[PDB]
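First structure 1, then structure 2: two forms of the same chain, each alone, as structure tokens.
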Structure 1
């Protein structure tokens, strides 16, 4: 009997992160419809973060600020800082570190993005259980927790509903069994309340969280009640939850694979995968995908929370959409600009994190081509922008089809520098 109740996993994700960062810094933006964009010289900038007040007006990510202004006239905007003609995300990376370090105090975390991390609470839950000494869990220890699927069976407002569901869960809880998966999830949720409380006290940032037995369910849970709430997804809530859950909502199925699952099998919801054998899914999607899908639709997933808090690579990119680079002098200048930010971030990384990058990856796009046109690596022996930028030029310089030694053809529409292969130092 397959179980998938072996771990306690949480996913903490910051609410409207970039917006919150700007709001802490500028109190005038607090509790208002606001958004964060970069490069306003074109269409007021492209929206990448939206406060929940602004979302009420229908303002979304990927929307032009000028178009967003049509939906929400009083929409306030904070713009991503610009350096060397490029976007600078320094303020946000640093705010992220604040959050990651607080979370790191409770357990080993996997930085999943700039504003979220997975937490393996299995050992931490076990520790708390003996301390409890068979003591019941008060609802007071879960003041922002939702239990998905509850209340059920035999008030109207949301908070009243939340409490009623929480009480049904706690009233039915068997605290006698220290190996009860449902009990383990509850204690995990109590810890996450503490973890989320610590984040807000020490940063001012609010976040949501999902607590379940694996990463996928935890991630899904987190989005069930946003913002400033956490959701517990038990093993038992899975069949109902997945019964009307679109396949695309599940992490990693939001793209071509998920579309392929829908098209080939003629289904719409995650629960509908259960009627197929593992071999069947393997036949359509391969040995690896098939096994993963077979277990996942039953709420089972084994991807571990990796002990990794730091980025594996450090990269900078810029597009050049009639603005395309057509001279060697142009190509060299922008490679230098990219190299300058790269050196800046690398040096700080070396001091902070006791490591040194060893490989420099260069990538370019050509006006005719469809993301990357060419990607080449070279050795990274010194944190020097001039050296790195000259190196970037050298390995790509053979692309220049122009006979004349001053022009570049055909024009470049993207430059990209990435530092990889870190070694301890």
Structure 2
């Protein structure tokens, strides 16, 4: 029976990335409690990223800055740039490309979000193991690495625990066997240390990483020791790790499916899933989900690191909540035009940088009173990178959702506009 030990996969996460970008640019912010906000006018702005000094006071994302200032009176704030009446994330997108370009010198990367990427290290590990002839791996090559589950068995401070765990790991490693999964993970950790050092040297940015045999465990590992640290989760560490791991902590189980796993099966922790047969899990959750859960609770997952450094879609959206919901036709057209102009700028940039053209334009709106993220999605052809045509076309394919008899007004009022360019072709 296969053990899910065929690959070495990392997940790298830029520690509070937007904050780090503003702290690099403004040295006054470095090593302070600070947060990044957008839209300062309403309750001081919505916090979207928080430094670890500020998290110590209890400041979190999705907090209003006025409320964060009550927890942390000396909190320093940086504001997202605004363009055409909306938040503009270009500075962070550009910083993200800086980091991804460095990472891709070391291995194959899948961009997961603006601040996270998965790394497939299997091949880089192989070549490094050949160059190693048969030498032991010194703890000096792993200065920021934690081994999950260690130390164990027969020091009062955190760095002492880290090194004792590392020593126990390395003292047991079988270095003559170039196919040992634990050795391959270890070499993977050595490479991630070098990649993280290169990112910090060449950009100033720090990051955490998880190293394991698949994306779910790497992502889990990454969050175990933060910030500016990396954690190795071996296959052998999974039973103990999962024995007290809430189901909602595993990637894709933090929502409704995870809640139904908990309620239907009457369990709380990932390891308790091992009691069920694969057929049992498939009967409750479907063929795909059931098979996935059966393997995943044993630490096995086969989702590939896709070779994808660039986003698949380029989108622009703005919410219009409460009294600001768009209620007149000229209001709707003006904002469509604003969104189309930012989209055009980014699409032209994309065509010149990455040699591709988008071919489909997706329009999505939300009407006041609706319950879900999007009320309605329609698409049309994207034939020219021209903001006025894109906004005209977006309006055309949604102008019929207007329930009002009057030409002049829009009912029900629109609480969200969304333009997204999709279906990219080589150019």
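Numbering follows the first chain given and starts at 1. Whichever C-alpha set is largest while still superposing within 1.5 Å between the two forms counts as the rigid core.
Student: Is the C-alpha displacement of residue 25 equal to or greater than 2 Å between structures 1 and 2 once the rigid core has been superposed?
Tutor: No, the C-alpha position differs by under 2 Å between structures 1 and 2.
Student: State the core-superposed CA shift for residue 364 between structures 1 and 2, in Å to one decimal.
Tutor: After core superposition, the C-alpha of residue 364 moves 1.2 Å between structures 1 and 2.
Student: On a rigid core superposition, how far has the CA of residue 403 moved between structures 1 and 2, in Å, if you could check?
Tutor: Rounded to one decimal, the shift is 2.8 Å.
Student: Where the core is superposed, what shift in Å does the CA of residue 388 undergo between structures 1 and 2?
Tutor: In the core superposition between structures 1 and 2, the C-alpha of residue 388 moves 0.5 Å.
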